[PDB]
Student: 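Before we start, here is the structure in question, set down as structure tokens.
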Amino acid sequence: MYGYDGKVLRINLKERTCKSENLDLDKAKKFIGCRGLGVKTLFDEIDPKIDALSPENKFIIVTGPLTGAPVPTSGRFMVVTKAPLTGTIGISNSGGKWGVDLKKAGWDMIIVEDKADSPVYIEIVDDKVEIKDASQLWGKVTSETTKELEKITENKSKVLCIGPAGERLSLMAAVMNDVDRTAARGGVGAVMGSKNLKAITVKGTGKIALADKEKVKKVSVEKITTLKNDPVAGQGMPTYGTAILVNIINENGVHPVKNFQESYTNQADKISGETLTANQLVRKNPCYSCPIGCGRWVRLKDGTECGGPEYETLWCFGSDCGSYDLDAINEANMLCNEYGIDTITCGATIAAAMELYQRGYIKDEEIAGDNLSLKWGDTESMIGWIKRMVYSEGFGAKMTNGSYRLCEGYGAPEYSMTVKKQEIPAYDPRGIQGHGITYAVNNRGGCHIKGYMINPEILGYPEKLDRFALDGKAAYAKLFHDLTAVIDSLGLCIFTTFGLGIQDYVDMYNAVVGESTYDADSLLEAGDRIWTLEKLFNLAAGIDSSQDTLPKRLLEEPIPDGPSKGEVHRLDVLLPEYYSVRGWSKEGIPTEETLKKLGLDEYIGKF
Ligand code: SF4
Ligand SMILES: [Cl-]
């Protein structure tokens, strides 16, 4: 077909079968692709109440119709499965090259079922698929796993894999691809580990079918020109990476410090993208077909070269732990990529532990055997905790599954900066009202990128809003939630929003898939359908709307100092308005009229 390949790879690890199925084009179009196609597939094939580490969970790797097409940022794909860290839907995105090889191999999506009786890996070369013994790879870090597979797979194969953390079912385990790219949050890597799946190698020799090659080329050249002319997409991101945000968020007084105890630090420029570019940066590391190139390639203190850190990583191993050692952040990022864990949950769990120590919940005797401290700014101890958390060594075992469970153990849940048990990232919502809505209602838990209200409230895209204001924020958050669901579903990068809007996405989709398949209104409505489908999945999984909240600190403790001094998030007023503008009930339940309007009639009367 055009855009979509038309084929799905179903792999049952108990029966050790690899079978081809025809893609349901109607469903793939109705849910756009990638995210939406994966969630609908999972919802249709599992009971959401199941334990996410049970063999009955499904591990889905899905691409979008634009994944692999000659358009800007077409290297994106997603992992969809029940998320074991949160109990919610798991929707984790990754770039690099792996997903493009899968699409060039003729597959739009892989559904992995059940569990292998021993560690295995999947080897794909176009339509050739084999399950093989992975006993000699089990236990190896991402880089070594990749090098070992390169010795026994076809040249040019890309590697997707879990590290030791995923093998041990850590709830902060990530899915790694291309050595340093990752579908990281939700503990999705532990689902792969629960299936005894160590890796999937993929080589694709095909091309993505285009309905109109020359039109696609004309549309692509136009969008790239806009991105290259945009100050952020054309200059800031390529030069400083996402790390460009350090000084921006800090100057607005919404950069979390010491586990959100503060919101501003006069040391932030030591870990800025400007400092990184002037020192350890070797070069950009752009994903497939990407003119932005925000990817970082850096030099570790020992001279080793490797993928560099993103903004959220610079924050969680820097300001959040009271550390301002940039070399150390580069090392921590490498260690998280090698062990296969989400940087954000890792650093913010260490930050929660440092606060529990600050407040006397953790005693010196409990960590003496580890020979590490939990003192703010102790960079060496912070780095040392990573390995101990991954392998459950000494006190590290209490941090292996995240801050929410760690703080519950000490009877101090108030020190876990999480929503649905997932750690909130590097933006203090007390000074960003619309963005705080995203954190509270995000279907995948505490997360900023499924609703980056940072764009309009701080960066001025597509317009500048007053971040302290309340009027209009609920509706704006809904729009960003639905637009992000479209971009995730297409197989493109969210950073295209630095220059592009809905019509640009319609232009690229129609040029690739077929003239007039979607219009700006129908496509955004599809994003609303996808977000609402995720909500129904969470309701079926037992995730009540009462889990739409923020830590008490962010609702009651005014920011103590800085440009946002005095502010708290006003969720009490914004959440009901968010449900209302979504067409949901006061208990956050999609109404019968809303389900009919979104084409979700099969779910009427069930919630
Ligand atoms: S903007 Fe960055 S994350 Fe997005 S596709 Fe390009 S290099 Fe990758
Ligand atoms: Cl679960």
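Both counts, for ligands and for their atoms, begin at 1 and track the order of listing. All heavy atoms count here, side chains included; hydrogens, waters and symmetry mates do not. For reference, positions follow the sequence shown, starting with 1.
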Student: At a non-hydrogen distance cut-off of under 4.0 Å, which region of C493 contacts ligand 1 (side chain, backbone, both, or neither)?
Tutor: side chain
Student: Short list, please: which atoms of ligand 1 are under 4.0 Å from a heavy atom of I292?
Tutor: 1 (S)
Student: Return the orientation label for the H481 and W531 ring planes: parallel under 30°, perpendicular over 60°, tilted otherwise.
Tutor: parallel
Student: Atom 6 (Fe) of ligand 1 to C294: any N/O/S contact under 2.8 Å?
Tutor: no
Student: Suppose I only count heavy atoms of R181 and a 4.0 Å limit; which atoms of ligand 1 are within that range?
Tutor: 3 (S), 8 (Fe)
Student: Considering the heavy atoms of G295, write down every atom of ligand 1 situated less than 4.0 Å from one of them.
Tutor: 7 (S)
Student: Please check if the side chain of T182 supplies one atom and the backbone of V175 the other of a donor-acceptor pair under 3.5 Å.
Tutor: yes
Student: For the residue pair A190 and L53, what are the closest heavy atoms and their distance?
Tutor: O-CD2, 3.6 Å
Student: Go through ligand 1 atom by atom and flag the ones less than 4.0 Å from a non-hydrogen atom of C290.
Tutor: 1 (S), 5 (S), 6 (Fe), 7 (S)
Student: Got the closest protein heavy atom to atom 3 (S) of ligand 1, with its distance?
Tutor: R76 NH1, 3.4 Å
Student: Does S289 reach the main-chain N or O of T73 with its side chain, forming a donor-acceptor pair under 3.5 Å?
Tutor: no
Student: Please determine whether salt bridge (charged side-chain N to carboxylate O under 4.0 Å, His left out) holds for the pair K97 and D178, giving the CA-CA distance in whole Å, both sets of side-chain angles, and the decisive distance to 0.1 Å.
Tutor: CA-CA 7 Å; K97 303 175 155 65; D178 305 298; over 6 Å; no
Student: Name the residue from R35, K450, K40, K82 that meets the salt bridge (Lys or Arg N to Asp or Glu O under 4.0 Å) definition with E534.
Tutor: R35
Student: Which heavy atom of the protein is the closest neighbour of atom 8 (Fe) of ligand 1, given with residue, atom name and distance?
Tutor: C287 SG, 2.4 Å
